[PDB]
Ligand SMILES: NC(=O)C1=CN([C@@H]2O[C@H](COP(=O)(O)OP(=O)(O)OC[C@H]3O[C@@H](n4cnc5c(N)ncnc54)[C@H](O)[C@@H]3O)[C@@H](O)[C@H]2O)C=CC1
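Shown next as structure tokens: one chain only, the form deposited without the named molecule.
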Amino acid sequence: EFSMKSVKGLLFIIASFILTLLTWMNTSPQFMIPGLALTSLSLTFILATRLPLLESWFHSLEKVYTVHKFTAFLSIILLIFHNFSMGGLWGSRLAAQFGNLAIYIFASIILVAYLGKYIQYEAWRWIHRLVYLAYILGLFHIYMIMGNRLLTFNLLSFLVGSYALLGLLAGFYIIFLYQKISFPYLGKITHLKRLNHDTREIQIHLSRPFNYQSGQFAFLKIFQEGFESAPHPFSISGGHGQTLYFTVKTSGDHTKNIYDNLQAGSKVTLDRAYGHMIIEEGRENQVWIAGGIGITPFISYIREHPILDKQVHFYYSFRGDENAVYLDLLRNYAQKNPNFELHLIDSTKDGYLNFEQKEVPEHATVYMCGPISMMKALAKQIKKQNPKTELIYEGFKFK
């Protein structure tokens, strides 16, 4: 759910709508519903830019994309009502036909957005990018319909133009510029290690020092013959300065390609560090819960803090001993650090993680990284036991 950590972002949405409505209600009341939709559309594009301000305002990128989907639905509902109240299925003049085409493209794209199971991610993104064409068609419709009412020196013109320009710039940046100018960390793959039958560790030497905090992730672009160059999110699993570690589990065609065919010496690009699961900023007492590859952020901390400064109970749940990674590293860390408690749960034979019996520290922060299904029950049990325990969770998807 949403909390005060996102309130600023929420305020930015709410102030966006009221200021829009009060504007239209003052100039063209008959156009509150379309105009609001326009503002909403703009916000949708602004919510896709992955800018650090967005993460600061909405806490996490997952909440950013949740609000992005909400603005999309609000836009489409308002646009459908506007079409019903002010037209039919095809316009009589070019200005109305632009709106017809724009609304058809918007509806089709929103319908296809919930077709990700049947569509590869890159094809999904390429289909999704038609929102820019729909937005341009809608802007053309709006401006040829309104004429000089939106080209004068008044509040309505400034508001409409400002939101339209912000949406246009956000869409252009995310579609055409983000992968070309916003990936300034150029690196070379120097070492690869296969941890088990389906997980590979990648070591990257960068041209510049990379600043991150343990528990954060980054978008990686790989440049190799036979590899896709689309950015994929991976948690940083160690390294400092000009060295980075990423631990990739096989979960699809691209990650299987990484496990099988990735070569040392290939080019990689990284943009920046994302994430709200900063372990070093938590309480003194901490409980770590990792499911499978969700161990990747905590490992980073272990690799960057040889002497543990917190009281940590780590629960690592894996589906069989063949699916476990970094067991020797975790055992060495537990032996070296008396304040580190290690609980290895083989879910095939030991059952599952149950917190109805295990104790929790009083003033404790609980970090969760793993499947949402098994994290939800654990969070419910922990909240039932100690309702004031701080809880942070990070998932491995956006849609």
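We number the residues from 1 along the sequence you see. Basically, rigid core = biggest C-alpha set you can superpose within 1.5 Å across the two forms.
Below: the form deposited with the named molecule bound, not depicted.
Residue contact with the named molecule in the deposited complex: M375 places a heavy atom within 4.5 Å of it. Put simply, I293 is close to the named molecule in the deposited complex: some heavy atom of it is within 4.5 Å.
In the deposited complex, the named molecule sits within 4.5 Å of a heavy atom of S347. Under a 4.5 angstroms non-hydrogen atom cutoff, the named molecule in the deposited complex lacks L54 among its neighbouring residues. Looking at the named molecule in the deposited complex, residues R283, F314 and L391 place no heavy atom within 4.5 Å of it. None of 315-323, 202-210, 261-269, 184-192 except one has non-hydrogen atoms within 4.5 angstroms of the named molecule in the deposited complex; the exception is 315-323. Checked against the named molecule in the deposited complex, the candidates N154, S108, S251, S162 yield a single residue with a heavy atom inside 4.5 Å, and that residue is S251.
The partner is not shown here, but in the deposited complex the stretch 322-358 reaches within 4.5 angstroms of the named molecule through a heavy atom at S347, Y352, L353. Shift analysis on the rigid core between the shown form and the other one singles out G116 from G116, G320, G161, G88 (C-alpha displacement of 2 Å or more).
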